[PDB]
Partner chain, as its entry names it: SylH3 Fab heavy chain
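Just the one chain here, the form solved without its partner chain, laid out as structure tokens.
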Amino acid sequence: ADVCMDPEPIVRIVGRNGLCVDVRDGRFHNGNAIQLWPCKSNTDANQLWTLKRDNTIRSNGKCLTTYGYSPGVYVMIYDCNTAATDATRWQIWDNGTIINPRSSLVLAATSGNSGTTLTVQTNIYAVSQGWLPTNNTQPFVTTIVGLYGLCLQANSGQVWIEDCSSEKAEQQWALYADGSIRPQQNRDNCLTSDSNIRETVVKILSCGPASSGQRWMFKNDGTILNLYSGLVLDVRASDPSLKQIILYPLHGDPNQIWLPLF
């Protein structure tokens, strides 16, 4: 029925390490800094954002605006009328990127420290550039079941696939709004590959560098993609006992198909 009538939802935007996009000290004066801050339970306008039909993101009447079109400039709140029309404009992508269409200078957080001011940076698909519009501030804790019904399991620095003892040295994962997959018992540790090329180095290494390579997308076809390198999570040889999850290009075989079981 009809062309799809699209809306304008009032949602929180959650991003690096779980922190919400925030208008500093709760003040709306033209030029105030948008920053990363702990997510709030309540309804203070400075952490709630309206995604408008015209592509502007608005906390309390004012637009999220970039200072200029250069790597490095900060993002600030600004009255939408006074502000340079396509600097108040942003697109929110299915793969977690809020871009400002003037090259691919992307909303980013370059430290995941509470209070960091948001900047726009060139798009390397990193954890500091993945955002989720959601009023759900806690990450999604899932079990990931993959080849031969075997579960993904981390045991301190490594990750491999083993059988699902539904209580075990864990194999429950927290999937964050920034695009990282973190081992549920140590949540400031990340599923990490020093990607670009390949192979096992899908390790568990701290989330702190927030690299591309620590950012991952669960796609419709069942693969877990590294957005940047373009390669998917792959069990080496289809052999569970080698205990290595490499990074490799999509062929489509079972050793690259995973499932979030909640």
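Take the two forms, superpose them, and find the largest set of C-alpha atoms that agree within 1.5 Å; that set is the rigid core. Residues that one form lacks are left out of the comparison. Residue numbers count along the first chain shown, from 1.
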*Report, as yes or no, whether residue 126 is left without coordinates in at least one third of the other compared entries.*
no
*Compare the other PDB entries of this protein and indicate whether residue 167 is left unmodelled in at least a third of them.*
yes
*Which of 184-192 and 162-170 has higher mean CA B factor, as the PDB entry lists it*: 162-170
*Higher average CA B factor in the deposited record is what I'm after, so tell me if that's 13-21 or 236-244.*
236-244
*By the entry's C-alpha temperature factors, tell me which of 95, 123, 110, 138 sits highest.*
138
_Just the C-alpha B-factor column, please: which of 41, 32, 229, 223 has the biggest number?_
41
*So where's residue 177 on the chain's Cα temperature factor ranking, which third?*
lowest
*Please rank the C-alpha B-factors of the chain's modelled residues and tell me whether residue 80 sits in the lowest, middle or highest third.*
highest
*Based on the entry's values, in what third of the chain does the Cα temperature factor of residue 56 lie: lowest, middle or highest?*
middle
*Ordered by C-alpha B-factor within the chain, which third holds residue 209? Give me lowest, middle or highest, please.*
lowest
*Lowest, middle or highest third - CA B-factor, residue 133*: lowest
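The next section is about a form of this same protein that is not shown, the form solved in complex with its partner chain.
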*Three residues, 74, 113 and 117; all within 4.5 Å of its partner chain in the deposited bound form via heavy atoms?*
yes
*Answer for residue 228 alone: is it within 4.5 Å of its partner chain in the deposited bound form, judged on heavy atom distances?*
no
*Heavy atom to heavy atom, is residue 205 within 4.5 Å of its partner chain in the deposited bound form?*
no
*Flag residue 37 as yes or no: does it have a non-hydrogen atom within 4.5 angstroms of any non-hydrogen atom of its partner chain in the deposited bound form?*
yes
*Can any non-hydrogen atom of residue 33 be found within 4.5 angstroms of its partner chain in the deposited bound form?*
yes
*in the deposited bound form, which of 122-130, 105-113, 79-87, 185-193 comes within 4.5 Å of its partner chain (heavy atoms)?*
105-113
_Listed options 198, 52, 203, 29; Cα moving by 2 angstroms or more between this form and the one not shown (core superposition)_ = 198
_Rigid core superposed: residue 113 CA moves 2 Å or more between this form and the one not shown_ = no
_Displaced residue check between this form and the one not shown: residue 104, CA, 2 Å or over, core reference_ = yes
*asked:* Core-aligned, C-alpha shift of at least 2 Å, runs of at least 3 residues: can you list them between this form and the one not shown?
replied: 102-104, 198-201
